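No value in this document is a laboratory result; all are computed from the given coordinates. All Cβ positions, even for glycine, are placed from backbone atoms using ideal geometry, and neighbour counts span all protein chains on display.
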Amino acid sequence: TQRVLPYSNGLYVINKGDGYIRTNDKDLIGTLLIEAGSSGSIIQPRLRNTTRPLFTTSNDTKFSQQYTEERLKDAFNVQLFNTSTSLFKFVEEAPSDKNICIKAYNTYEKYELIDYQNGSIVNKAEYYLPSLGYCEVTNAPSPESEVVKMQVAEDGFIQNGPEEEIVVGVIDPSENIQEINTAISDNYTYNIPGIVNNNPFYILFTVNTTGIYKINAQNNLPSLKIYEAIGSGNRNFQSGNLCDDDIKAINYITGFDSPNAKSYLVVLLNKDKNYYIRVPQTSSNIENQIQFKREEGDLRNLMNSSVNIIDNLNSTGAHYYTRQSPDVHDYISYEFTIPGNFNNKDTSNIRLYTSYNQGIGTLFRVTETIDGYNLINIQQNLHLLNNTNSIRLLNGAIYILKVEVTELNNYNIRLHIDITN
Amino acid sequence: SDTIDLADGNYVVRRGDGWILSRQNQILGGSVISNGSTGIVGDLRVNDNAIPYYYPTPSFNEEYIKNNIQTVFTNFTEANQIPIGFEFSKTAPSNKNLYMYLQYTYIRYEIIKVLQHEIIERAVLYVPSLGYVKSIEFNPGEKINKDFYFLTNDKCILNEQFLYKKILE
Amino acid sequence: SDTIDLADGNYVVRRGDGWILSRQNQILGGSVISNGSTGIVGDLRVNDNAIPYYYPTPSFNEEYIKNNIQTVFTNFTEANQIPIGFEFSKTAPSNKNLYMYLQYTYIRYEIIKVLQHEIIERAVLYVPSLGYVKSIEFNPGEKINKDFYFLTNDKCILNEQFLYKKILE
Amino acid sequence: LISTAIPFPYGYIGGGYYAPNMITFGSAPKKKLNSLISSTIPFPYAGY
Amino acid sequence: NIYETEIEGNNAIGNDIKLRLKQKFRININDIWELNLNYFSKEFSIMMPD
Ligand SMILES: [Mg+2]
Ligand SMILES: [Mg+2]
């Protein structure tokens, strides 16, 4: 009964805590026996740069030491692997009554590089970065007590620091990055170059005016994913242009990994931030373009989510759509048309629910006006998990269901649209 | 930030001391002490750890930033050859474990371009001043807040400054 | 005695920390403080004072002991190249004289050959770890016990350990 | 190259190129008697 | 080797010495041996007895 990890397909770096030490006193600096009333200090004067990191991997060819170090440098911007100048010193003063023993251990910080692909880890590497020690004080043992003979323990690690799990996505270094050298004001068409040649890649860009934006490839094909460069726009900034910070640390906002997806992104973009757009391997030579449009009307009601375009809803019966489930308090949208001819009068009884993940849904009636789309909120507080309630909808009309995930029980969400009449 | 009350031109700005960078918190390492002991973590600002970090713009390259900042503010090329030490000491309570981690602090300098009282270009220099540590007492298996470990954007642990001087042609 | 509850074969053993060697008690000197003054003594374990001491046997020569011990236990050849410092601090009571002397402590490793639940051969390695001081209050001319100054046989100031692993052919 | 091709300097006075000797400085007054709470610096720092 | 093993991993040195040693050992001995006046005669377009 493991927990579900709602990460998009990509490379992630996980800080799993500090204070790790090897077993069988492999990292033992030493022990000081401090007499009553005395003091004892163990010092790392850092007179030598040399620190020794540890590394194990499941796949050497792709997740090598150089690759893992570069990914660590990408995520947390670490750059001292084999050296360190940081001083630490452990001082303990025994009480006036009895003596004291202090043991000093060299510690490590545990980083885990993972290749997460569709709900499971396909490649995992552990990098232990030399930390700043661990000091434990004990009562001076009675000199005999009993010398008990014990077998050694297995090679491993013991964490004496606090619990920690910090996840940061990293740009895949094998995929190209194109640059939109100019900020996007209200509308922009980015022609996908023939240089990349239908290979998955990233598009780095910035926005002129903070606001909501609709992003889509042509015919909403293929599906895109949008990332925010973590910590971007803090330092250097040119108004109306792009300041490439070379930040490889990315935060997944939204997007589907399946490239055969009809979907378009509605996302809040800040003028003072850099954003990446990962578009996957397209199977066609046909020309494709990326469309940015600053949404002023009711598409703003869809932030931030990838809206699914539904086309196979042409018959009456049971229809279910399986997509990668967003995290809790995140959104996923479905745009769907009720089958049948639209004459304002014909109605069909619709039942909307999900299989395993509970969420709150909101229905919008979509009327394409002359100023874009218009969304009329007609249904709120929709508990979709095994929902048995039904609502009658006009035949031939367009609707958009926005689902906010509240309980995360499965890597995928299956939206069932059952239609009667 | 936008539309300052400054005349058009270029400016050198000091933003103050005590700037910590994003995602760089625990890259220096941490110490775990316990049961009445005292842990002292410190560093010596010399040579490579004293090298400043530059973030230039098309109008403000590395040399422009360095020369203007050093003309107005503290000359960090001369001053970073002289070693300067710092340390932090914390004592663990009895029968409990304490964690402490160290991260450098930086002096944040800016080169800004004002056109019609609105900042259109900003380049940033971080000069390694000193350090700053954070500590917490923890129980086995206790959850720790994500703010203690990780930092999303560059921030100043002290009150920010804004000391501007117009760069003369 | 020399009888142990182990199967026949060769074994690597860690005996623990805090081993001081015979006749090597005052090899480093001592301090004489008095009347409320606080005396502090420190040292730095680097290379020539971090020389490990081998006591091999015909079956277990130096290379055997070093390779086995470093494979199973702490890797001392690279660890002793990193300078580690340590200090002690005593405070003498008023109107009294106190003498404190400092000596090196060591890690004891053993390579043992066991046959018929009895050890028939044992080789001993000492790896420098840290130091340890002994202090006494004294008056001018007072006779001091011979045990305080002189150690006849190697002993462990701490709890002796026995951490064993069978050596593979 | 001439400017950077300094002759190799001789090591520490006692002979060696490896490491300094370190030294302790400072104290916090006191309850606690913070006598070993102090700063540690390499002693020569330029012995070459 | 004295630099690479000892002087490098010794942060009780100013950069003014070890960085200069680093740049000094970026050169090989054969580079010094192959260096002569003809190279500068070509580079500067300076005539000299041959
Ligand atoms: Mg599909
Ligand atoms: Mg000055």
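Inspect all residues belonging to region A:164-173 and state whether any of them is more than 24 Å from A:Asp245 (Cα to Cα) and either surrounded by fewer than 13 Cβ atoms within 10 Å (Cβ to Cβ) or within 14 Å of another protein chain (Cβ to nearest Cβ) (or both).
Yes: one or more hits.
Which one is farthest from the other protein chains (Cβ to nearest Cβ), of the residues in region A:223-246 that are touching a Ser or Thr at 6+ places or on another chain (Cβ under 6 Å) and in a loop (DSSP other than H, G, I, E, B)?
Once the filter is applied, the top-ranked residue is A:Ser223.
Examine region A:77-90 for a residue that is surrounded by fewer than 13 Cβ atoms within 10 Å (Cβ to Cβ) and within 30 Å of A:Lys62 (Cβ to Cβ), and state whether such a residue exists.
Yes.
So the check is Cβ under 7 Å with 6+ separation or different chains; which pairs have a first residue in region C:149-169 that's away from every other protein chain (no Cβ under 12 Å) and closer than 25 Å to A:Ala140 by Cβ and a second one that's of a type in the set (S, T, N, Q) and part of a loop (DSSP other than H, G, I, E, B)?
C:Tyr149/C:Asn25; C:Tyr149/C:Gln26; C:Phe150/C:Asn25; C:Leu151/C:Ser22; C:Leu151/C:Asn25; C:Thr152/C:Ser22; C:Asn153/C:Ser22; C:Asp154/C:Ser22
I need a count of the residues in region B:103-124 that are facing chain A (nearest Cβ under 9 Å) and within 10 Å of the chain's Cα centre (by Cα).
1
Check off (1) within 21 Å of the chain's Cα centre (by Cα); (2) farther than 30 Å from A:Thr83 by Cβ for C:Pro83 and give me the number that stays unchecked.
(2)
Please specify each residue of region D:29-46 satisfying the condition of being within 13 Å of chain E (Cβ to nearest Cβ) and either part of a loop (DSSP other than H, G, I, E, B) or exposed (fewer than 13 other Cβ atoms within 10 Å of the Cβ) (or both).
Within region D:29-46, D:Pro42, D:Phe43, D:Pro44, D:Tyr45, D:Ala46 meet the criteria.
Here's the yes/no breakdown for (1) within 16 Å of ligand 2 (Cβ to nearest atom); (2) closer than 30 Å to A:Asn176 by Cβ; (3) under 31 Å from the mean Cα position of the chain (by Cα):
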position	(1), (2), (3)
A:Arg278	no, yes, yes
A:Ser283	no, yes, yes
A:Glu295	no, yes, yes
A:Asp298	no, no, yes
A:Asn304	no, yes, yes
A:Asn314	no, no, no
A:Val328	no, no, yes
A:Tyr334	no, no, yes
A:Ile350	no, no, no
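Given A:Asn308, A:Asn312, A:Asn288, A:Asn301, which one is crowded, with 16+ Cβ neighbours inside 10 Å and either within 15 Å of ligand 1 (Cβ to nearest atom) or among the charged types (D, E, K, R) (or both)?
Just one listed residue meets the conditions, A:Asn308.
Which one of the conditions (1) within 18 Å of A:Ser333 (Cβ to Cβ); (2) within 16 Å of ligand 1 (Cβ to nearest atom) does A:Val279 fail to meet, given that it meets all the rest?
(1)
Consider D:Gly26 carefully, then state whether it is more than 14 Å from chain E (Cβ to nearest Cβ), surrounded by fewer than 18 Cβ atoms within 10 Å (Cβ to Cβ) and closer than 16 Å to C:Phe88 by Cα.
yes
Just give me the residues in region A:187-208 being outside any strand (DSSP E or B) and surrounded by 13 or more Cβ atoms within 10 Å (Cβ to Cβ), in sequence order.
Passing the criteria: A:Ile192, A:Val196, A:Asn198, A:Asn199, A:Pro200, A:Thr206, A:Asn208.
State whether the residues of region A:254-272 include one that is touching an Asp or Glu at 6+ places or on another chain (Cβ under 6 Å) and away from ligand 1 (no atom under 16 Å from the Cβ).
No, region A:254-272 contains no residue that is touching an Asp or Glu at 6+ places or on another chain (Cβ under 6 Å) and away from ligand 1 (no atom under 16 Å from the Cβ).
Write out, first by first residue and then by second, each pair whose Cβ atoms fall under 8 Å of each other, whose residues are 6+ apart or on separate chains, and whose first residue, in region A:321-335, is at positive phi while the second is away from ligand 2 (no atom under 16 Å from the Cβ) and β-branched (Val, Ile, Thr).
A:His329/A:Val405; A:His329/A:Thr406
Looking only at strands (runs of 3 or more DSSP E) that lie completely in region B:1-79, which have at least 3 residues being surrounded by fewer than 21 Cβ atoms within 10 Å (Cβ to Cβ)?
B:9-14, B:53-55
Give me the residue from region B:48-88 that is of a type in the set (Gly, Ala, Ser) and closer than 27 Å to E:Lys18 by Cα and, out of that set, nearest to ligand 2 (Cβ to nearest atom).
Selected residue: B:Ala79.
Restricting attention to region D:1-23, and to residues there that are among the β-branched types (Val, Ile, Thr) and within 14 Å of chain E (Cβ to nearest Cβ), which single residue is farthest from A:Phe90 (Cα to Cα)?
Across region D:1-23, the extreme among qualifying residues is D:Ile2.
Could you tell me how many of the residues in region A:247-270 are among the aliphatic types (A, V, I, L, M), within 14 Å of chain B (Cβ to nearest Cβ) and either within 16 Å of ligand 2 (Cβ to nearest atom) or part of a loop (DSSP other than H, G, I, E, B) (or both)?
Result for region A:247-270: 1.
For every residue, the table says whether it meets (1) surrounded by 13 or more Cβ atoms within 10 Å (Cβ to Cβ); (2) over 18 Å from the mean Cα position of the chain (by Cα); (3) part of a loop (DSSP other than H, G, I, E, B).
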site: D:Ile2; (1), (2), (3): no, yes, yes
site: D:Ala5; (1), (2), (3): yes, yes, yes
site: D:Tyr10; (1), (2), (3): no, no, yes
site: D:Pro20; (1), (2), (3): yes, no, yes
site: D:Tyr48; (1), (2), (3): yes, no, yes
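From the list B:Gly18, B:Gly29, exactly one residue is within 24 Å of B:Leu158 (Cα to Cα) and either facing chain A (nearest Cβ under 10 Å) or basic (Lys, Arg) (or both). Which is it?
Just one listed residue meets the conditions, B:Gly29.
Can you pull out every residue in region A:315-331 that is closer than 23 Å to A:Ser8 by Cα and crowded, with 17+ Cβ neighbours inside 10 Å?
Selection gives A:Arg323, A:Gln324, A:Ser325, A:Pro326, A:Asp330, A:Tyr331.
Identify all residues within region A:297-333 that are in a loop (DSSP other than H, G, I, E, B), out of contact with any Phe, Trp or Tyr (no Cβ under 8 Å at 6 or more places or on another chain) and within 18 Å of A:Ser258 (Cβ to Cβ); write none if there are none.
A:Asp311, A:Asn312, A:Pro326, A:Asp327, A:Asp330
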